[PDB]
Participant: 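Here it is, the structure, as C-alpha cells.
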Amino acid sequence: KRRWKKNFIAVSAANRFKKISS
Amino acid sequence: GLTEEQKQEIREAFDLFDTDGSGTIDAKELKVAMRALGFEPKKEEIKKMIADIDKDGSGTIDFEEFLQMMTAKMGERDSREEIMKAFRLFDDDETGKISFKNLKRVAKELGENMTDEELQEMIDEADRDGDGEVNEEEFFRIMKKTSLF
Ligand SMILES: [Ca+2]
Ligand SMILES: [Ca+2]
Ligand SMILES: [Ca+2]
Ligand SMILES: [Ca+2]
C-alpha cells in the first residue's frame, strides 16, 4: 500500500526534477 | 488538504533522497539518486533542480520545500502521463507489465533494503488478475489513481 505509493512518489519526484532541468 | 497518511508517504519518499537523514536533500544526494534511476544528470542541470525548489537560499531542500514540489497543481492529462512515465521507468524490459524483477531493480536503486518476500508481497497485493505481474490498470489502481486510467 504505502510501499507502492512511496516508490511512486520518489520516481515521480525524479521525473519532476528532470522536468526542471530541461 | 492532505491527511497525515499522504504527508507520511511523501516523507518516506523524501527519506530515499536524504540518505544521511539530515532532513535535507543536498546537490550530491540529488545527483546520486538521479544517476541510480538512470537519468544522466549534468552538474549544471543539478544546480537548477536545487535552485528551483529551495526557497530559503539554504542550498538544500527540506521536507517542506519538497512537499510543495510534490503537491503542486497539475491537470489531469499531465497527471496521467506522470503515472505512465513512472510505469515505464519500472518496465525496463519493455514488456508492458511490472514484474518482480522490475520492482527489485527499482527498490535497490532507491536504496530500499527489501527482502524478496517483501517484494513478492508488493507484487502479490497489486496483481489482482493473478498473472504474477502488474499491468498498467492495476498499477493505476494500487496508486489509488483509478479515475485517471
Ligand atoms: Ca541529507
Ligand atoms: Ca532550503
Ligand atoms: Ca516489465
Ligand atoms: Ca496482473
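Keep in mind that the numbers below use all heavy atoms, side chains included, and drop hydrogens, waters and symmetry copies. Below, chain A is the first sequence line, B the second, and so on; all start at residue 1.
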Participant: To check you understand the geometry: which heavy-atom pair defines the closest contact between A:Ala14 and B:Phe17, and what is its length?
Facilitator: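 Smallest interatomic distance, heavy atoms only, reads N-CZ, 4.2 Å.
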Participant: I'd like to check the side chain to side chain contact (heavy atoms under 4.5 Å, CB included) partners of B:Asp56; sequence neighbours left out, ordered by chain and number.
Facilitator: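 B:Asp56 satisfies side chain to side chain contact (heavy atoms under 4.5 Å, CB included) with B:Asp54, B:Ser58, B:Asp62, B:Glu65 only.
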Participant: Could you state the interatomic distance from NZ (B:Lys28) to OG1 (B:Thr60), rounded to the nearest 0.5 Å?
Facilitator: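 Between B:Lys28 NZ and B:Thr60 OG1, I get 15.5 Å after rounding to 0.5 Å.
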Participant: If we count only N and O atoms by modelled type, under 3.5 Å, do the side chains of B:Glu12 and B:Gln8 hold a donor and an acceptor together?
Facilitator: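 Yes, a side-chain donor-acceptor pair sits under 3.5 Å.
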Participant: With sequence neighbours excluded, what pairs up with B:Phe87 under the ring-ring contact (aromatic ring centres under 6.0 Å, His included) test?
Facilitator: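 Listed in chain order: B:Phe139.
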Participant: List in chain and number order the residues that pass side chain to side chain donor-acceptor pair (under 3.5 Å) with A:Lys18, two or more places apart in sequence or in another chain; answer none if no residue qualifies.
Facilitator: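 In terms of side chain to side chain donor-acceptor pair (under 3.5 Å), with neighbours along the sequence ignored, A:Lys18 is linked to no residue.
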Participant: Might you point out which heavy atoms bring A:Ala13 and B:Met69 nearest each other, and give the distance in Å?
Facilitator: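 A:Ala13 and B:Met69 have their closest heavy atoms at O-CE, 4.4 Å.
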Participant: Under 3.5 Å, side chain of B:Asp91 to main-chain N/O of B:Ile98, donor-acceptor pair present?
Facilitator: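 Judged by distance alone, no pair lies under 3.5 Å.
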Participant: How far apart are the closest heavy atoms of B:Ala107 and B:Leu119, and which atoms are they?
Facilitator: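 Distance-wise, the nearest heavy atoms are CB-CD2, 4.2 Å.
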Participant: What pairs with B:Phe90 under ring-ring contact (aromatic ring centres under 6.0 Å, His included), at least two apart in sequence or on another chain?
Facilitator: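 Checked B:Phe90 against ring-ring contact (aromatic ring centres under 6.0 Å, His included); zero matches.
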Participant: For B:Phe39, what residues pass the ring-ring contact (aromatic ring centres under 6.0 Å, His included) criterion, not counting sequence neighbours?
Facilitator: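 ring-ring contact (aromatic ring centres under 6.0 Å, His included) check on B:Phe39 returns nothing, list empty.
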Participant: Run the side-chain contact (heavy atoms from CB on, under 4.5 Å) test on B:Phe63 and B:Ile10 for me, step by step, so that the C-alpha distance in whole Å, both residues' side-chain angles and the decisive distance to 0.1 Å come before the verdict.
Facilitator: CA-CA 9 Å; B:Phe63 170 65; B:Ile10 301 193; 4.3 Å; yes
Participant: Under a 3.5 Å distance rule, please check whether B:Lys97 uses its side chain to pair with a backbone N or O of B:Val134 as donor and acceptor.
Facilitator: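 Side chain of B:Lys97 to backbone of B:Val134: no pair is present.
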Participant: At what distance, to the nearest 0.5 angstrom, does CZ of A:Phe8 lie from CE of B:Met143?
Facilitator: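 Those atoms lie 5.5 Å apart.
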Participant: Are B:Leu110 and B:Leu37 close enough, and set up right, to give a side-chain contact (heavy atoms from CB on, under 4.5 Å), and what steps lead you there?
Facilitator: CA-CA 7 Å; B:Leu110 300 153; B:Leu37 296 176; 3.8 Å; yes
Participant: Is it possible for you to say whether B:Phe14 and A:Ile20 belong to one hydrophobic cluster, with membership spreading through side-chain heavy-atom contacts below 4.5 Å?
Facilitator: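 Yes, one cluster joins them.
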Participant: Quick one, B:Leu148 and B:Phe140 - any side-chain contact, counting heavy atoms below 4.5 Å?
Facilitator: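 They are in side-chain contact.
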Participant: Measure the shortest side-chain to side-chain distance between B:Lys43 and B:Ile46 over non-hydrogen atoms and say whether it is less than 4.5 angstrom.
Facilitator: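 B:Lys43 vs B:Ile46: side chains apart.
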Participant: What's the shortest heavy-atom distance between B:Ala13 and A:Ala10, and which atoms?
Facilitator: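 Shortest heavy-atom contact: CB-N, 3.8 Å.
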Participant: Only counting residues at least two apart or in another chain, list the ones meeting side chain to side chain donor-acceptor pair (under 3.5 Å) with B:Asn102.
Facilitator: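 So B:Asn102 forms a side chain to side chain donor-acceptor pair (under 3.5 Å) with B:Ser99.
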Participant: Can you tell me how far apart CE (B:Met70) and CD (B:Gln68) are? Round to the nearest 0.5 Å.
Facilitator: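 B:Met70 atom CE to B:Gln68 atom CD measures 12.0 Å (nearest 0.5 Å).
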Participant: Any salt bridge (charged side-chain N to carboxylate O under 4.0 Å, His left out) involving residues 102-113 of chain B? Give me the pairs, sequence neighbours left out, ordered by first then second residue.
Facilitator: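 Matches after skipping sequence neighbours: B:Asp92-B:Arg105, B:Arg105-B:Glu109.
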Participant: Side-chain contact, heavy-atom cut-off 4.5 Å: B:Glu125 with B:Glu121?
Facilitator: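 Answer no - side chains too far apart.
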Participant: Is the shortest heavy-atom distance from the side chain of B:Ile61 to the side chain of A:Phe17 under 4.5 Å?
Facilitator: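 They are in contact (side-chain heavy atoms under 4.5 Å apart), so the answer is yes.
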Participant: Scan residues 128-148 of chain B for pairs that pass side chain to side chain donor-acceptor pair (under 3.5 Å), counting only residues two or more places apart or in two chains.
Facilitator: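 Sorted result for residues 128-148 of chain B: B:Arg80-B:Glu136.
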Participant: What residues form a side chain to side chain contact (heavy atoms under 4.5 Å, CB included) with B:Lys85, not counting sequence neighbours?
Facilitator: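 Listed in chain order: A:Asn15, B:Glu81, B:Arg88.
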Participant: Minimum heavy-atom separation for B:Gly132 and B:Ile123, please, with both atom names.
Facilitator: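 Minimum heavy-atom contact is O-CG2, 3.5 Å.
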Participant: Would a distance-only check, ignoring hydrogens and angles, find a side-chain to backbone donor-acceptor pair under 3.5 Å from B:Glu118 to B:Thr115?
Facilitator: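 Present.
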Participant: For the atom pair CG (B:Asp116) and NZ (B:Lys101), what is the distance rounded to the nearest 0.5 Å?
Facilitator: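 The NZ atom of B:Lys101 is 13.5 Å from CG of B:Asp116, to the nearest 0.5 Å.
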Participant: Got a second to check how far B:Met84's CE is from B:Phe149's CZ, nearest 0.5 Å?
Facilitator: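 It comes to 7.5 Å.
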Participant: Looking at A:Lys6 and B:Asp15, is any side-chain nitrogen of the basic one under 4.0 Å from a carboxylate oxygen of the acidic one?
Facilitator: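 Not counted as a salt bridge, because no side-chain N and carboxylate O are separated by less than 4.0 Å.
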Participant: Please report the shortest heavy-atom distance between B:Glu9 and A:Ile9, naming the atom on each side.
Facilitator: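 That closest heavy-atom pairing would be CB-CD1, 4.0 Å.
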Participant: For A:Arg16 and B:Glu82, run salt bridge (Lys or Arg N to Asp or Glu O under 4.0 Å): C-alpha distance rounded to whole Å, both residues' side-chain angles, the deciding distance at 0.1 Å, then the answer.
Facilitator: CA-CA 9 Å; A:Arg16 292 175 179 209; B:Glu82 185 136 77; 3.1 Å; yes
Participant: Nearest 0.5 Å, please: how far is NZ in B:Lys42 from CE in B:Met34?
Facilitator: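 With rounding to 0.5 Å, CE (B:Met34) is 13.5 Å from NZ (B:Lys42).
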